[PDB]
Amino acid sequence: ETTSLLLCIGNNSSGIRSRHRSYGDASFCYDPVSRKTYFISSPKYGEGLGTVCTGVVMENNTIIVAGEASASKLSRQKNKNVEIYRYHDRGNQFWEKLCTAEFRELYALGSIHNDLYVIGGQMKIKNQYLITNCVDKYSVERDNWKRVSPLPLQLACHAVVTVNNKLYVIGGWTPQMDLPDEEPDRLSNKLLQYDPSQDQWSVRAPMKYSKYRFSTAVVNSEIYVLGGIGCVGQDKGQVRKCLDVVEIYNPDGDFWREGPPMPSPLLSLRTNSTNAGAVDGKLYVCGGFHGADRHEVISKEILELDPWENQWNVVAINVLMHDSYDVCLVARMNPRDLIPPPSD
């Protein structure tokens with residue numbers, strides 16, 4: 001009896017009153033159908049992953065997180081790397097190191113079939129830091145890496161989703177050399193598609209807003225982009241604001257349309273990973289931020305976008321999540337293999 005759960009994976013350990021055992025090492029999970037809370041082991045548990053940056057659930061239901069080693073682990077290693085872990089969930093539940101990649105930050109993690117893609121981000125190339133266009137592909141099956149076709153532009157803090165076995169990279173930061181009185185980077189409203197059978201990136205229809213730190217989810221092969229920081233149109237230096245905008249993309253038709261705006265402007269997680277997932281044809285935003293300060297506690301509330309009714313519903317308030325988390329993921333889980341909520 002497996003069911004699809006919203007897993008709010010993070011290594012934050014605060015904000016949950018725990019009398020008999022420590023929930024500081026557990027991550028909040030939510031069944032939106034039964035409205036029941038579960039807990040899964042956080043990636044840091046034991047000698048695991050110190051920092052979580054992003055994650056994916058691959059086609060075969062494997063839960064993947066990518067991040068950085070703890071300072072203790074770094075101190076015993078010669079090189080700093082992107083560290084990729086996978087959750088193991090068959091009565092012996094744990095996080096295991098899967099594979100490592102050349103260090104980057106603010107990259108996006110994609111997945112198609114049995115492959116992982118590390119996309120863009122900031123890297124150190126010839127002892128200089130720059131936003132990159134490079135895309136590294138990891139084959140789980142062959143346990144090796146291949147540099148594939150690069151992005152058509154340098155991107156950081158962008159998002160990626162998969163629809164019908166293609167990657168769609170969305171928004172983010174990109175260098176600009178058009179205007180000498182503008183910051184070095186501008187926000188992007190661009191949408192790029194990667195076709196793995198062709199190893200080729202193409203430019204698709206753009207977003208109405210240039211943006212970053214927004215929610216993403218896929219419902220019935222359409223992309224939902226919600227909230228974020230940005231500005232209408234191409235970013236030419238105009239002021240940036242928190243958005244309630246919902247933009248929905250259809251790949252087959254290559255067009256965007258608006259959705260019902262969110263109840264309030266909302267930012268995704270500070271990792272720029274998604275705070276939203278899709279369960280049974282409905283979209284769930286699991287918490288979010290109303291401002292961009294580093295000290296704001298995440299809103300401990302779960303919103304639903306019912307795309308059929310075409311409206312927003314409050315599903316749950318004051319949920320038992322930590323003060324932050326690092327990536328919202330949906331996977332088929334057997335909730336008997338998970339940790340119950342605290343007895344209080």
# chains A, B, ... in the order shown; residues from 1 in each chain; ligands from 1
$ closest_atom_pairs --of "range 245-307 of chain A" --to "range 11-30 of chain A" --cutoff "10 Å" --atoms "only C-alpha atoms" --output "Markdown table"
| residue | atom | partner | partner_atom | distance |
| --- | --- | --- | --- | --- |
| A:286 | CA | A:30 | CA | 8.8 |
| A:297 | CA | A:15 | CA | 9.3 |
| A:302 | CA | A:30 | CA | 9.3 |
$ write_last_selection --atoms "N, CA, C and O atoms" --output "CSV table (one decimal), in the first residue's frame"
chain,number,residue,atom,x,y,z
A,286,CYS,N,4.0,23.7,0.0
A,286,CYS,CA,4.3,23.3,1.4
A,286,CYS,C,5.2,24.4,2.0
A,286,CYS,O,6.4,24.3,2.0
A,297,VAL,N,11.1,32.9,9.5
A,297,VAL,CA,10.7,31.5,9.6
A,297,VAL,C,9.7,31.2,8.5
A,297,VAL,O,8.8,32.0,8.2
A,302,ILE,N,0.1,24.8,4.3
A,302,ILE,CA,0.0,24.1,3.1
A,302,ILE,C,-1.2,24.6,2.3
A,302,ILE,O,-2.3,24.6,2.7
$ residues_around --residues "range 222-228 of chain A" --least-positions-apart "5" --cutoff "7 Å" --atoms "only C-alpha atoms" --output "short mmCIF file (atom, residue, chain, number, x, y, z; two decimals) with N, CA and C atoms, in the first residue's frame"
data_model
loop_
_atom_site.label_atom_id
_atom_site.label_comp_id
_atom_site.auth_asym_id
_atom_site.auth_seq_id
_atom_site.Cartn_x
_atom_site.Cartn_y
_atom_site.Cartn_z
N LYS A 211 12.40 36.04 -13.29
CA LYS A 211 12.19 35.70 -11.89
C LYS A 211 13.20 34.67 -11.41
N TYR A 212 13.33 34.59 -10.08
CA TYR A 212 14.03 33.50 -9.42
C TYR A 212 13.37 33.26 -8.06
N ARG A 213 13.75 32.13 -7.44
CA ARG A 213 13.22 31.69 -6.15
C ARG A 213 11.69 31.52 -6.18
N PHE A 214 11.21 30.88 -7.24
CA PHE A 214 9.80 30.57 -7.43
C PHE A 214 9.53 29.08 -7.20
N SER A 215 8.25 28.75 -6.99
CA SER A 215 7.82 27.35 -6.92
C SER A 215 7.71 26.75 -8.32
N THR A 216 7.97 25.44 -8.42
CA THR A 216 7.63 24.69 -9.62
C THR A 216 6.95 23.37 -9.26
N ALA A 217 6.06 22.92 -10.15
CA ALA A 217 5.47 21.59 -10.09
C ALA A 217 4.94 21.24 -11.47
N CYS A 242 8.39 40.73 -4.79
CA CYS A 242 7.80 39.42 -4.54
C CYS A 242 6.51 39.27 -5.33
N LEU A 243 6.31 38.09 -5.92
CA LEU A 243 5.23 37.89 -6.87
C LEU A 243 4.18 36.94 -6.33
N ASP A 244 2.93 37.20 -6.71
CA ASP A 244 1.87 36.21 -6.54
C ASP A 244 1.54 35.53 -7.86
N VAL A 245 2.30 35.83 -8.91
CA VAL A 245 1.96 35.41 -10.26
C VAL A 245 2.07 33.89 -10.40
N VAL A 246 1.08 33.30 -11.06
CA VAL A 246 1.13 31.89 -11.42
C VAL A 246 1.14 31.81 -12.93
N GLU A 247 2.19 31.21 -13.49
CA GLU A 247 2.31 31.03 -14.93
C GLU A 247 2.36 29.54 -15.23
N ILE A 248 1.58 29.10 -16.21
CA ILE A 248 1.43 27.69 -16.55
C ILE A 248 1.89 27.49 -17.98
N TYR A 249 2.81 26.55 -18.18
CA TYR A 249 3.40 26.31 -19.49
C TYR A 249 2.93 24.98 -20.07
N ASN A 250 2.57 25.00 -21.36
CA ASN A 250 2.20 23.79 -22.08
C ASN A 250 3.26 23.46 -23.12
N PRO A 251 4.06 22.40 -22.92
CA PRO A 251 5.14 22.09 -23.88
C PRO A 251 4.68 21.75 -25.28
N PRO A 265 1.89 37.16 -2.23
CA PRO A 265 3.22 36.90 -2.81
C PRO A 265 3.99 35.91 -1.95
N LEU A 266 4.62 34.92 -2.59
CA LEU A 266 5.30 33.87 -1.84
C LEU A 266 6.59 33.47 -2.53
N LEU A 267 7.65 33.33 -1.75
CA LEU A 267 8.94 32.87 -2.24
C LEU A 267 9.10 31.39 -1.93
N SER A 268 9.75 30.67 -2.84
CA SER A 268 10.13 29.29 -2.58
C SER A 268 11.24 29.26 -1.52
#
$ atom_distance --atom1 "CA of residue 64 in chain A" --atom2 "CA of residue 330 in chain A"
11.1 Å
$ closest_atom_pairs --of "range 236-273 of chain A" --to "range 179-187 of chain A" --cutoff "12 Å" --atoms "only C-alpha atoms" --output "JSON lines"
{"residue": "A:236", "atom": "CA", "partner": "A:186", "partner_atom": "CA", "distance": 7.2}
{"residue": "A:237", "atom": "CA", "partner": "A:182", "partner_atom": "CA", "distance": 5.9}
{"residue": "A:238", "atom": "CA", "partner": "A:182", "partner_atom": "CA", "distance": 9.5}
{"residue": "A:239", "atom": "CA", "partner": "A:187", "partner_atom": "CA", "distance": 11.2}
{"residue": "A:240", "atom": "CA", "partner": "A:187", "partner_atom": "CA", "distance": 9.4}
{"residue": "A:241", "atom": "CA", "partner": "A:187", "partner_atom": "CA", "distance": 11.9}
$ closest_residue --among "A:87, A:201, A:103, A:284" --to "residue 32 in chain A" --atoms "only C-alpha atoms"
A:284
$ closest_atom_pairs --of "range 139-177 of chain A" --to "range 104-116 of chain A" --cutoff "7 Å" --atoms "only C-alpha atoms" --output "tab-separated table"
residue	atom	partner	partner_atom	distance
A:139	CA	A:115	CA	4.6
A:140	CA	A:114	CA	5.8
A:141	CA	A:114	CA	6.6
A:156	CA	A:106	CA	5.3
A:157	CA	A:106	CA	4.9
A:158	CA	A:108	CA	6.4
A:159	CA	A:108	CA	5.7
A:160	CA	A:110	CA	5.9
A:161	CA	A:110	CA	6.4
A:162	CA	A:112	CA	6.8
A:165	CA	A:112	CA	5.6
A:166	CA	A:112	CA	7.0
A:167	CA	A:110	CA	6.9
$ select_by_dssp --residues "range 234-319 of chain A" --states "strand (DSSP E)" --output "number ranges by chain"
A: 241-242, 246-250, 255-259, 276-279, 282-286, 301-306, 311-317
$ residues_around --residues "residue 307 in chain A" --least-positions-apart "4" --cutoff "8 Å" --atoms "only C-alpha atoms" --output "PyMOL selection string"
chain A and resi 281-283+311
$ write_last_selection --atoms "C-alpha atoms" --output "short mmCIF file (atom, residue, chain, number, x, y, z; two decimals), in the first residue's frame"
data_model
loop_
_atom_site.label_atom_id
_atom_site.label_comp_id
_atom_site.auth_asym_id
_atom_site.auth_seq_id
_atom_site.Cartn_x
_atom_site.Cartn_y
_atom_site.Cartn_z
CA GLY A 281 -3.60 16.02 -10.14
CA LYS A 282 -3.49 18.79 -7.52
CA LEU A 283 -0.69 21.22 -6.68
CA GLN A 311 -8.76 28.01 -7.41
#
$ decode --residues "range 20-36 of chain A" --atoms "C-alpha atoms" --output "CSV table (one decimal), in the first residue's frame"
chain,number,residue,atom,x,y,z
A,20,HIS,CA,10.5,11.5,23.8
A,21,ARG,CA,12.8,11.4,20.7
A,22,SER,CA,14.6,14.0,18.6
A,23,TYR,CA,12.9,15.2,15.5
A,24,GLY,CA,15.8,17.5,14.7
A,25,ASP,CA,17.1,14.7,12.5
A,26,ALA,CA,13.8,14.1,10.7
A,27,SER,CA,12.0,15.8,7.8
A,28,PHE,CA,8.3,16.8,7.6
A,29,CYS,CA,6.2,14.8,5.2
A,30,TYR,CA,2.5,15.2,4.4
A,31,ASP,CA,-0.2,13.0,2.8
A,32,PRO,CA,-2.6,15.6,1.3
A,33,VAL,CA,-5.3,13.1,0.7
A,34,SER,CA,-5.6,11.8,4.3
A,35,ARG,CA,-4.2,15.1,5.7
A,36,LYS,CA,-1.8,13.1,7.9
